[PDB]
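Structure data (mmCIF, N, CA and C atoms) from work_34.cif:
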data_input
#
loop_
_atom_site.label_atom_id
_atom_site.label_comp_id
_atom_site.auth_asym_id
_atom_site.auth_seq_id
_atom_site.Cartn_x
_atom_site.Cartn_y
_atom_site.Cartn_z
N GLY T 1 122.38 -141.65 -33.91
CA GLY T 1 123.09 -141.12 -32.76
C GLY T 1 124.37 -140.40 -33.15
N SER T 2 124.34 -139.07 -33.09
CA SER T 2 125.51 -138.27 -33.45
C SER T 2 126.67 -138.53 -32.49
N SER T 3 127.87 -138.17 -32.91
CA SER T 3 129.06 -138.37 -32.10
C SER T 3 128.90 -137.71 -30.73
N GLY T 4 129.63 -138.22 -29.74
CA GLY T 4 129.55 -137.67 -28.40
C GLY T 4 129.37 -138.75 -27.34
N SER T 5 129.58 -138.38 -26.09
CA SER T 5 129.44 -139.32 -24.98
C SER T 5 128.46 -138.79 -23.94
N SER T 6 127.74 -137.73 -24.30
CA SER T 6 126.77 -137.13 -23.39
C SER T 6 125.34 -137.40 -23.86
N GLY T 7 124.69 -138.37 -23.22
CA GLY T 7 123.33 -138.71 -23.59
C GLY T 7 122.38 -138.66 -22.41
N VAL T 8 122.81 -139.22 -21.28
CA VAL T 8 121.99 -139.24 -20.08
C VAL T 8 122.83 -138.97 -18.83
N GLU T 9 122.16 -138.75 -17.71
CA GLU T 9 122.85 -138.48 -16.45
C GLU T 9 122.78 -139.69 -15.52
N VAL T 10 123.93 -140.30 -15.26
CA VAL T 10 123.99 -141.47 -14.39
C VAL T 10 124.57 -141.10 -13.03
N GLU T 11 123.69 -140.77 -12.09
CA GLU T 11 124.11 -140.40 -10.74
C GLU T 11 124.85 -141.56 -10.07
N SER T 12 126.13 -141.34 -9.78
CA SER T 12 126.95 -142.36 -9.13
C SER T 12 126.77 -142.33 -7.62
N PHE T 13 126.92 -143.49 -6.99
CA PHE T 13 126.78 -143.60 -5.54
C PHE T 13 127.77 -144.60 -4.97
N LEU T 14 128.00 -144.52 -3.66
CA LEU T 14 128.93 -145.42 -2.99
C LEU T 14 128.52 -145.65 -1.54
N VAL T 15 128.38 -146.92 -1.16
CA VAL T 15 127.99 -147.27 0.20
C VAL T 15 128.63 -148.59 0.62
N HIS T 16 128.25 -149.06 1.81
CA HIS T 16 128.79 -150.32 2.33
C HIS T 16 127.67 -151.19 2.90
N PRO T 17 128.01 -152.44 3.23
CA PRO T 17 127.05 -153.40 3.78
C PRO T 17 126.63 -153.04 5.20
N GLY T 18 125.52 -152.32 5.32
CA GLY T 18 125.02 -151.92 6.63
C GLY T 18 124.58 -150.48 6.67
N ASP T 19 124.82 -149.75 5.58
CA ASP T 19 124.44 -148.35 5.49
C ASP T 19 123.03 -148.20 4.94
N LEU T 20 122.62 -146.96 4.69
CA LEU T 20 121.29 -146.68 4.17
C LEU T 20 121.37 -146.17 2.73
N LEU T 21 120.97 -147.01 1.78
CA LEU T 21 120.99 -146.65 0.37
C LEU T 21 119.79 -145.79 0.01
N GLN T 22 120.01 -144.48 -0.10
CA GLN T 22 118.94 -143.55 -0.44
C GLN T 22 119.12 -143.01 -1.85
N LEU T 23 118.04 -143.00 -2.62
CA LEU T 23 118.08 -142.50 -3.99
C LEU T 23 116.98 -141.47 -4.23
N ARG T 24 117.12 -140.70 -5.31
CA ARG T 24 116.13 -139.68 -5.65
C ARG T 24 115.88 -139.65 -7.16
N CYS T 25 114.62 -139.45 -7.54
CA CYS T 25 114.25 -139.41 -8.94
C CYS T 25 113.79 -138.00 -9.34
N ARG T 26 114.43 -137.44 -10.36
CA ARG T 26 114.08 -136.11 -10.83
C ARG T 26 112.71 -136.10 -11.48
N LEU T 27 111.75 -135.43 -10.84
CA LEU T 27 110.39 -135.35 -11.36
C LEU T 27 110.14 -133.99 -12.02
N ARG T 28 109.00 -133.86 -12.68
CA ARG T 28 108.64 -132.61 -13.34
C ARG T 28 107.28 -132.11 -12.86
N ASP T 29 106.81 -131.03 -13.46
CA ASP T 29 105.52 -130.45 -13.10
C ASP T 29 104.38 -131.14 -13.83
N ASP T 30 104.73 -131.95 -14.83
CA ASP T 30 103.74 -132.67 -15.61
C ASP T 30 103.68 -134.14 -15.19
N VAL T 31 104.81 -134.67 -14.74
CA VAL T 31 104.89 -136.06 -14.30
C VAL T 31 103.59 -136.49 -13.62
N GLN T 32 103.21 -137.74 -13.83
CA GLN T 32 101.99 -138.28 -13.23
C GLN T 32 102.30 -139.49 -12.37
N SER T 33 103.28 -140.28 -12.79
CA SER T 33 103.67 -141.48 -12.05
C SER T 33 105.17 -141.71 -12.14
N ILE T 34 105.64 -142.77 -11.49
CA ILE T 34 107.06 -143.10 -11.50
C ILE T 34 107.28 -144.60 -11.53
N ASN T 35 108.30 -145.03 -12.27
CA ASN T 35 108.61 -146.45 -12.38
C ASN T 35 110.06 -146.72 -11.99
N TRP T 36 110.25 -147.42 -10.88
CA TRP T 36 111.59 -147.74 -10.40
C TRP T 36 112.10 -149.04 -11.02
N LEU T 37 113.32 -149.00 -11.53
CA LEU T 37 113.92 -150.17 -12.16
C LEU T 37 115.33 -150.42 -11.62
N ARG T 38 115.86 -151.61 -11.88
CA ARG T 38 117.19 -151.97 -11.42
C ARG T 38 117.81 -153.03 -12.33
N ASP T 39 118.89 -152.66 -13.01
CA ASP T 39 119.58 -153.58 -13.91
C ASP T 39 118.65 -154.03 -15.04
N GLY T 40 117.65 -153.21 -15.34
CA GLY T 40 116.71 -153.54 -16.40
C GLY T 40 115.57 -154.41 -15.90
N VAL T 41 115.04 -154.07 -14.73
CA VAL T 41 113.94 -154.83 -14.15
C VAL T 41 113.19 -154.00 -13.11
N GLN T 42 111.89 -154.25 -13.00
CA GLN T 42 111.06 -153.52 -12.04
C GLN T 42 111.60 -153.68 -10.62
N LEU T 43 111.82 -152.56 -9.95
CA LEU T 43 112.33 -152.57 -8.58
C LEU T 43 111.22 -152.89 -7.58
N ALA T 44 111.60 -153.49 -6.46
CA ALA T 44 110.64 -153.84 -5.42
C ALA T 44 111.12 -153.39 -4.05
N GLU T 45 110.19 -153.24 -3.12
CA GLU T 45 110.52 -152.81 -1.76
C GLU T 45 110.50 -153.99 -0.80
N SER T 46 111.14 -153.82 0.35
CA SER T 46 111.20 -154.88 1.36
C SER T 46 111.52 -154.30 2.73
N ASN T 47 111.62 -155.17 3.73
CA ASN T 47 111.92 -154.75 5.09
C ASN T 47 113.00 -153.66 5.10
N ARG T 48 113.94 -153.77 4.16
CA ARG T 48 115.02 -152.80 4.06
C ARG T 48 114.72 -151.77 2.97
N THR T 49 114.46 -152.25 1.76
CA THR T 49 114.16 -151.37 0.64
C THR T 49 112.82 -150.67 0.83
N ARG T 50 112.76 -149.40 0.44
CA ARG T 50 111.54 -148.62 0.56
C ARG T 50 111.40 -147.64 -0.60
N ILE T 51 110.39 -147.86 -1.43
CA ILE T 51 110.14 -146.99 -2.58
C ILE T 51 109.00 -146.02 -2.30
N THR T 52 109.35 -144.76 -2.03
CA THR T 52 108.36 -143.74 -1.74
C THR T 52 107.89 -143.06 -3.02
N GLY T 53 108.09 -143.73 -4.15
CA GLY T 53 107.68 -143.17 -5.43
C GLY T 53 108.85 -142.61 -6.22
N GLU T 54 109.43 -141.53 -5.71
CA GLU T 54 110.56 -140.89 -6.37
C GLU T 54 111.82 -140.96 -5.50
N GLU T 55 111.69 -141.61 -4.35
CA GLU T 55 112.82 -141.75 -3.43
C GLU T 55 112.88 -143.16 -2.86
N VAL T 56 114.02 -143.82 -3.05
CA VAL T 56 114.21 -145.18 -2.55
C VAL T 56 115.09 -145.19 -1.31
N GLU T 57 114.86 -146.18 -0.44
CA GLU T 57 115.64 -146.30 0.79
C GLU T 57 115.80 -147.77 1.18
N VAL T 58 117.04 -148.22 1.26
CA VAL T 58 117.33 -149.60 1.63
C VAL T 58 118.22 -149.66 2.87
N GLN T 59 117.63 -150.02 4.00
CA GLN T 59 118.38 -150.12 5.25
C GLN T 59 119.32 -151.31 5.23
N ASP T 60 120.49 -151.15 5.84
CA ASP T 60 121.48 -152.21 5.89
C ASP T 60 121.82 -152.71 4.49
N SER T 61 121.97 -151.77 3.56
CA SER T 61 122.28 -152.12 2.17
C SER T 61 123.32 -153.23 2.12
N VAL T 62 123.44 -153.86 0.95
CA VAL T 62 124.40 -154.95 0.76
C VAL T 62 124.99 -154.92 -0.64
N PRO T 63 126.14 -155.60 -0.81
CA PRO T 63 126.83 -155.66 -2.10
C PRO T 63 126.07 -156.50 -3.13
N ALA T 64 124.89 -156.97 -2.74
CA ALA T 64 124.06 -157.78 -3.62
C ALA T 64 122.89 -156.97 -4.18
N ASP T 65 122.61 -155.84 -3.54
CA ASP T 65 121.52 -154.97 -3.98
C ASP T 65 122.02 -153.92 -4.96
N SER T 66 123.33 -153.68 -4.95
CA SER T 66 123.94 -152.70 -5.83
C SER T 66 123.50 -152.92 -7.28
N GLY T 67 123.75 -151.93 -8.13
CA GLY T 67 123.38 -152.04 -9.53
C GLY T 67 123.10 -150.69 -10.16
N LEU T 68 122.36 -150.69 -11.26
CA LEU T 68 122.02 -149.46 -11.96
C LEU T 68 120.52 -149.20 -11.91
N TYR T 69 120.10 -148.35 -10.98
CA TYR T 69 118.69 -148.02 -10.83
C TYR T 69 118.25 -147.00 -11.89
N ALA T 70 117.03 -147.17 -12.39
CA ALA T 70 116.49 -146.27 -13.40
C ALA T 70 115.04 -145.93 -13.11
N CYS T 71 114.77 -144.65 -12.86
CA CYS T 71 113.42 -144.19 -12.57
C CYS T 71 112.77 -143.57 -13.81
N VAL T 72 111.60 -144.08 -14.17
CA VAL T 72 110.88 -143.57 -15.33
C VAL T 72 109.55 -142.95 -14.93
N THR T 73 109.38 -141.66 -15.22
CA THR T 73 108.16 -140.95 -14.88
C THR T 73 107.24 -140.84 -16.09
N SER T 74 105.98 -141.23 -15.92
CA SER T 74 105.01 -141.18 -17.00
C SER T 74 104.32 -139.82 -17.04
N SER T 75 104.49 -139.10 -18.14
CA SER T 75 103.89 -137.78 -18.30
C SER T 75 103.11 -137.70 -19.61
N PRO T 76 102.10 -136.81 -19.64
CA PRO T 76 101.26 -136.61 -20.82
C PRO T 76 102.01 -135.94 -21.97
N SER T 77 103.30 -135.70 -21.76
CA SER T 77 104.14 -135.06 -22.77
C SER T 77 105.30 -135.96 -23.16
N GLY T 78 105.43 -137.09 -22.46
CA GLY T 78 106.51 -138.02 -22.75
C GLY T 78 106.85 -138.90 -21.56
N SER T 79 108.13 -139.22 -21.41
CA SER T 79 108.58 -140.06 -20.31
C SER T 79 110.08 -139.88 -20.07
N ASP T 80 110.41 -139.30 -18.92
CA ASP T 80 111.81 -139.07 -18.56
C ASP T 80 112.41 -140.30 -17.89
N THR T 81 113.73 -140.31 -17.75
CA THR T 81 114.43 -141.42 -17.12
C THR T 81 115.68 -140.95 -16.39
N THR T 82 115.89 -141.49 -15.19
CA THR T 82 117.05 -141.12 -14.39
C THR T 82 117.79 -142.35 -13.89
N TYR T 83 119.06 -142.47 -14.27
CA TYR T 83 119.88 -143.61 -13.87
C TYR T 83 120.64 -143.30 -12.59
N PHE T 84 121.02 -144.35 -11.86
CA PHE T 84 121.76 -144.19 -10.61
C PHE T 84 122.70 -145.37 -10.39
N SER T 85 124.00 -145.12 -10.53
CA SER T 85 125.00 -146.16 -10.35
C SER T 85 125.35 -146.32 -8.87
N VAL T 86 124.81 -147.36 -8.25
CA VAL T 86 125.06 -147.63 -6.84
C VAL T 86 126.15 -148.68 -6.67
N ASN T 87 126.85 -148.63 -5.54
CA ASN T 87 127.92 -149.58 -5.25
C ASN T 87 128.06 -149.81 -3.75
N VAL T 88 127.59 -150.96 -3.29
CA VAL T 88 127.66 -151.31 -1.87
C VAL T 88 128.83 -152.24 -1.59
N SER T 89 129.75 -151.78 -0.75
CA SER T 89 130.93 -152.57 -0.40
C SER T 89 131.58 -152.04 0.87
N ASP T 90 132.10 -152.95 1.69
CA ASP T 90 132.75 -152.58 2.94
C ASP T 90 133.95 -151.68 2.67
N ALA T 91 134.37 -151.61 1.41
CA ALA T 91 135.50 -150.78 1.03
C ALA T 91 135.12 -149.31 0.98
N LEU T 92 135.61 -148.54 1.95
CA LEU T 92 135.32 -147.12 2.02
C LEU T 92 136.56 -146.32 2.42
N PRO T 93 136.63 -145.06 1.97
CA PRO T 93 137.75 -144.17 2.27
C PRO T 93 137.79 -143.76 3.74
N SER T 94 136.74 -144.10 4.48
CA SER T 94 136.65 -143.77 5.89
C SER T 94 136.81 -145.02 6.76
N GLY T 95 137.77 -144.99 7.67
CA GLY T 95 138.00 -146.12 8.55
C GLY T 95 138.40 -145.70 9.95
N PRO T 96 137.41 -145.31 10.76
CA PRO T 96 137.64 -144.87 12.14
C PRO T 96 138.05 -146.02 13.05
N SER T 97 137.73 -147.24 12.63
CA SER T 97 138.07 -148.43 13.41
C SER T 97 139.27 -149.15 12.81
N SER T 98 140.33 -149.28 13.60
CA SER T 98 141.55 -149.94 13.14
C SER T 98 142.51 -150.17 14.30
N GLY T 99 143.28 -151.25 14.23
CA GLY T 99 144.23 -151.56 15.28
C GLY T 99 145.26 -152.58 14.85
#
Would you kindly transcribe this structure into structure tokens?
Amino acid sequence: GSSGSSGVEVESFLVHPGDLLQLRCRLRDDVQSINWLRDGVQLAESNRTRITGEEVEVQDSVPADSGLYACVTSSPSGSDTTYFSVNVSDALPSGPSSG
């Protein structure tokens, strides 16, 4: 590994407990399949979470679902990978409600 800090693209994200966590996986023209991961583990869907293959959606996200998602596409020429740094927390720069 030669010197440098540029190896992969980690798409950063920010949400709160109750929002919709939507993600996207960069696919190719050769890609055949996709593998969703999270913190180094196979991702799963649920009443809230929804994996449409290359796009994930988690309704009413929470600070417990946050993490580093990684999508791996299986192609006859190799295998790409896309990371996504998510962060669910009530802490947001927007606060329309206050008194």
Closest of T:87, T:78, T:99, T:1 to residue 61 (chain T), counting only C-alpha atoms, is T:87
Contacts of region 28-38 of chain T at 6 Å or less, counting only N, CA and C atoms, minus same-chain residues fewer than 5 places along, as a list in words? residues 43, 53, 68, 69, 70, 71, 72, 73, 74, 75 and 76 of chain T
Dump N, CA and C atoms for the selected residues as a PDB file, in the coordinates of the input?
ATOM      1  N   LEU T  43     111.820-152.560  -9.950  1.00  0.00           N
ATOM      2  CA  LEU T  43     112.330-152.570  -8.580  1.00  0.00           C
ATOM      3  C   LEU T  43     111.220-152.890  -7.580  1.00  0.00           C
ATOM      4  N   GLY T  53     108.090-143.730  -4.150  1.00  0.00           N
ATOM      5  CA  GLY T  53     107.680-143.170  -5.430  1.00  0.00           C
ATOM      6  C   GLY T  53     108.850-142.610  -6.220  1.00  0.00           C
ATOM      7  N   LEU T  68     122.360-150.690 -11.260  1.00  0.00           N
ATOM      8  CA  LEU T  68     122.020-149.460 -11.960  1.00  0.00           C
ATOM      9  C   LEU T  68     120.520-149.200 -11.910  1.00  0.00           C
ATOM     10  N   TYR T  69     120.100-148.350 -10.980  1.00  0.00           N
ATOM     11  CA  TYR T  69     118.690-148.020 -10.830  1.00  0.00           C
ATOM     12  C   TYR T  69     118.250-147.000 -11.890  1.00  0.00           C
ATOM     13  N   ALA T  70     117.030-147.170 -12.390  1.00  0.00           N
ATOM     14  CA  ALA T  70     116.490-146.270 -13.400  1.00  0.00           C
ATOM     15  C   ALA T  70     115.040-145.930 -13.110  1.00  0.00           C
ATOM     16  N   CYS T  71     114.770-144.650 -12.860  1.00  0.00           N
ATOM     17  CA  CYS T  71     113.420-144.190 -12.570  1.00  0.00           C
ATOM     18  C   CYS T  71     112.770-143.570 -13.810  1.00  0.00           C
ATOM     19  N   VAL T  72     111.600-144.080 -14.170  1.00  0.00           N
ATOM     20  CA  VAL T  72     110.880-143.570 -15.330  1.00  0.00           C
ATOM     21  C   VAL T  72     109.550-142.950 -14.930  1.00  0.00           C
ATOM     22  N   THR T  73     109.380-141.660 -15.220  1.00  0.00           N
ATOM     23  CA  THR T  73     108.160-140.950 -14.880  1.00  0.00           C
ATOM     24  C   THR T  73     107.240-140.840 -16.090  1.00  0.00           C
ATOM     25  N   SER T  74     105.980-141.230 -15.920  1.00  0.00           N
ATOM     26  CA  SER T  74     105.010-141.180 -17.000  1.00  0.00           C
ATOM     27  C   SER T  74     104.320-139.820 -17.040  1.00  0.00           C
ATOM     28  N   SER T  75     104.490-139.100 -18.140  1.00  0.00           N
ATOM     29  CA  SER T  75     103.890-137.780 -18.300  1.00  0.00           C
ATOM     30  C   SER T  75     103.110-137.700 -19.610  1.00  0.00           C
ATOM     31  N   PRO T  76     102.100-136.810 -19.640  1.00  0.00           N
ATOM     32  CA  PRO T  76     101.260-136.610 -20.820  1.00  0.00           C
ATOM     33  C   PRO T  76     102.010-135.940 -21.970  1.00  0.00           C
TER      34      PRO T  76
END
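The shortest atom-to-atom distance to residue 48 (chain T), with only C-alpha atoms taken into account, belongs to T:22 out of T:5, T:22, T:79, T:98.
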Could you tell me which of T:7, T:16, T:66, T:21 comes closest to residue 39 (chain T) if we count all atoms listed in the file? T:66
Running the PyMOL selection byres (((chain T and resi 15 and name CA) around 9) and name CA) on this model by hand, what would come out? Give it as a ChimeraX atom specification. /T:13-14,16-21,61-63,86-92
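Here CA of residue 50 (chain T) stands at a distance of 27.8 Å from CA of residue 95 (chain T).
Neighbours of residue 8 (chain T) closer than or equal to 8 Å, with all atoms listed in the file counted and sequence neighbours fewer than 2 positions away skipped, come out as residues 5, 6, 10, 11, 81, 82 and 83 of chain T.
CA of residue 80 (chain T) to CA of residue 52 (chain T) spans 17.8 Å [interatomic distance, one decimal].
Interatomic distance, atom C of residue 46 (chain T) to CA of residue 26 (chain T): 22.8 Å.
Backbone DSSP assigns strand (DSSP E) in region 43-88 of chain T to residues 49, 50, 51, 55, 56, 57, 58, 67, 68, 69, 70, 71, 72, 73, 74, 75, 78, 79, 80, 81, 82, 83, 84, 85 and 86 of chain T.
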Run the PyMOL selection byres ((chain T and resi 55) around 5) on the file and write out the hits as a ChimeraX atom specification. /T:23-25,51-54,56-57
